[PDB]
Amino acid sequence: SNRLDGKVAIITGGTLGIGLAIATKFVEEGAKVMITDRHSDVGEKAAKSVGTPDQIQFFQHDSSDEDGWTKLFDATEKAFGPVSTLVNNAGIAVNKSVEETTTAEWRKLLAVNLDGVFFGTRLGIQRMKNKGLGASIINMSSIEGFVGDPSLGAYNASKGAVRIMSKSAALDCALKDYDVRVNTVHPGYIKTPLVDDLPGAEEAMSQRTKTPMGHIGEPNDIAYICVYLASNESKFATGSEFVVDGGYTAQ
């Protein structure tokens, strides 16, 4: 209760899975939230399921769309006042090795997972710096930002990029006294309706050779670390990686 009082958050890809749980817990903790998705059927349903428009709204946006990022911040500040918190959560995956990644697949995935995170982080710094907001940018950067997977080549590139680009941003903001922190969150495998629709994936993901806890996580597992990072509780944390993975990377 009240851990995000006063905060105004944008969460990209906030209508389902991890993003939706982040939104839910943020609203529970007193934040105002703008969620996005590139679609609208999903997004408008999503917001009302969490709360009332004074708490949470939807804005249609593809995170790879540079110009839209500006539309999104403007819409958020007009609904709720100056943005304090950005969660760059939107992402896609391609199930290909590096060897077999088409150039089109490469470019598409980097547009969302890398360019989108760059656009959001760059704009977030510009919009949030020097306002006494206790501003926090939280970039979703995966267990696949620490370890490779033979069938996630482009995804691995994007997540490693986000991991280290976020440190650069953290340092500049710290050195310049901007009152903006930048950190990454690295989920292991999490169970969502989308995973449930992939036959065998959860089981495959729950083998002890993958996730030592022998099961995968839930969306709220990622929501709670994001609450910590958005809150002023984490005012000395910047430039670091927060892993919530059931032990995946510990072995």
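A residue's number is simply how far along the shown sequence it sits, counting from 1.
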**Report entry** Segment of higher mean CA temperature factor, 177-185 or 124-132
**Finding:** 124-132
Report summary line: Taking the deposited Cα B-factors and averaging over 44-52 and over 211-219, the higher mean is found in 44-52
Query raised in the report: At the C-alpha atoms, which of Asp149, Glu77, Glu99, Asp172 reaches the highest B-factor in this entry?
Result: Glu77
Query raised in the report: Compared with the other modelled residues in the chain, in which third is the CA B-factor of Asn95?
Result: highest
Report summary line: Quick tally, chain-level thirds of C-alpha B-factors: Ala104 sits in the highest
Report summary line: Among the modelled residues of its chain, the C-alpha B-factor of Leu16 falls in the third labelled highest
Query raised in the report: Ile225's Cα B-factor: lowest, middle or highest third of the chain?
Result: lowest
